[PDB]
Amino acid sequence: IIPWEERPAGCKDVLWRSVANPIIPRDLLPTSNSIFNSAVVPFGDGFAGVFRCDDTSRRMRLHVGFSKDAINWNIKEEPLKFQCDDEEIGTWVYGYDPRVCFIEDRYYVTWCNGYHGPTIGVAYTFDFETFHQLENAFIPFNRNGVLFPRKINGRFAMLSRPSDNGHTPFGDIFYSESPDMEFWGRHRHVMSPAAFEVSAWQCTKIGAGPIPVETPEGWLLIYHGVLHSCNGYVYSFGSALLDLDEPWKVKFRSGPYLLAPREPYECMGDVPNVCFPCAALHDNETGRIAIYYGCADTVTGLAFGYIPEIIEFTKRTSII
């Protein structure tokens, strides 16, 4: 039973904010400064996730959490620690912006893992208790690594985002495959930022968000876009549809955003003017989707929509 709030009567938006936002407060843990990425999945009787909790030293750490309803979370006070047989890769430097999905027989976690700069760390868990670290998927610099929730043509597949070692002023989404969760390849460009005159919310850089959602018309990708104002970056988010069999081929891509920083909890915080989607839960029977997003890099919010309405919107307003 995924979380849901009906669209307010007369609301014409494709996505609408939970009235309970923020659903995770910045100070939920004794040492937490902010909690703003929630890589959430169903698990047994309820829900589990991997959360970015930055502490009062401003260090970036991952913590495991569980919930009955996916709204109110019990997050472990102590950061998640990985088992790894390779001491070189198993060394912890930092970790942020997790994504989690089940593939075939286990849950896989990706995150932005420090290894001589940002790259994509990979691990798996069967139980959300023990996490086994695998090879970093790519050479630095790379972030926004997001796996597909099944193999594509017999290979594991991941979206990523080549970066630099700062506040990156550019960013294309890429796609890569692996036969074995160790060696990666067949890299393909998915999409670049839009032109400023066409769609400025996504004209500086873009990055994948929640795990792709399979639909009959393609993979639904929810992704962030940045606009560079005189005063900083603004992070909004929107939607595209990727080919099912060859997901680096984009079928439709929204001109308008789905959500942008409007509420005080989105506009004021450690990083003002940020809505950064990190996970989603959905139900194909009803078309409901619940999107988790970080707010001002301070707290976590939830927003709701219908998959068919999102698909319609994405087609109707497509810039390709």
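Just count from 1 along the sequence shown to find any residue number.
214-222 versus 179-187: which one carries the higher mean Cα B factor per the record? If you average the C-alpha B-factors of 179-187 and of 214-222, the larger mean comes out for 214-222.
For the stretches 145-153 and 112-120, which has the higher mean C-alpha B-factor as given in the deposited record? Mean C-alpha B-factor is greater for 145-153.
From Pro140, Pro193, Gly232, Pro169, pick the one with the largest CA B-factor in the entry? Most elevated C-alpha B-factor of the set, per the entry: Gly232.
Within-chain third of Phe128 by Cα B-factor, per the entry: For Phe128, whose C-alpha B-factor we compare with every modelled residue in the chain, the answer is the highest third.
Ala280's Cα B-factor: lowest, middle or highest third of the chain? Middle third, going by the recorded CA B-factors of the chain.
Grab the CA temperature factor for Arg58 from the record and place it in the lowest, middle or highest third of its chain. It belongs to the lowest third of the chain when residues are ordered by C-alpha B-factor.
Comparing against every modelled residue in the chain, figure out the third that the C-alpha B-factor of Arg161 lands in (lowest, middle or highest). It falls in the bottom third of the chain.
According to the PDB entry, is the CA B factor of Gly207 in the bottom, middle or top third of its chain, that is, lowest, middle or highest? According to the entry, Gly207 has a C-alpha B-factor in the chain's lowest third.
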